[PDB]
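Enquirer: I'd like to ask you about the structure that follows.
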Amino acid sequence: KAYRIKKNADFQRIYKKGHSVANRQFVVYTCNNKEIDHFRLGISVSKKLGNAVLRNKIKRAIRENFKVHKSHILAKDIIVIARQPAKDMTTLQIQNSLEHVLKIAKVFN
Numbered sequence: 005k006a007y008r009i010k011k012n013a014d015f016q017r018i019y020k021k022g023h024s025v026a027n028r029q030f031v032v033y034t035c036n037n038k039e040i041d042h043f044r045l046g047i048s049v050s051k052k053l054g055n056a057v058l059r060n061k062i063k064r065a066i067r068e069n070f071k072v073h074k075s076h077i078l079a080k081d082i083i084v085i086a087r088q089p090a091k092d093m094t095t096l097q098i099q100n101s102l103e104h105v106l107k108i109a110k111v112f113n
């Protein structure tokens, strides 16, 4: 399977059956998937935060974080949702905010 979650039906199963945590900039959902043996990541960044340039910068920051932690993440489905205050972070701060919330989410990273 690919590492990126694409289907909208997968986003819904995770929201309904999964578990969430949040800091001020990000909500994180996790949900085990016994049929997969590596993590998967879905990202949601609402148009309320800004235009496509801003949203893709946030998406790129999240993907770069999981890429660097690629080998020490547990085999769960993971959804990262950007909250409105994410639009006011520096690119550097996004990485430390993600490290904080992912540690709270028990993704082993």
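Read in order, the letters of the sequence shown correspond to residues 5 to 113 in the deposited numbering. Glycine is no exception: its CB is placed at the ideal position from the N, C-alpha and C atoms.
#1: Nearest-angstrom Cα distance between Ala79 and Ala65?
#2: From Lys63, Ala56, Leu53, pick the residue whose C-alpha is nearest to that of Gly46; which is it?
#3: Using 8 angstroms for Cβ pairs, my map puts residue 122 next to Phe43. What's the rounded Cβ distance?
#4: From what residue to what residue does the alpha helix (DSSP H) around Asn100 run?
#5: Is the CB-CB distance between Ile40 and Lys91 below 7 angstroms?
Expert: Let me lay it out:
#1: 21 angstroms
#2: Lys63
#3: One cannot answer for residue 122 here, as it falls past the ends of the chain, which runs 5 to 113.
#4: 95-108
#5: no
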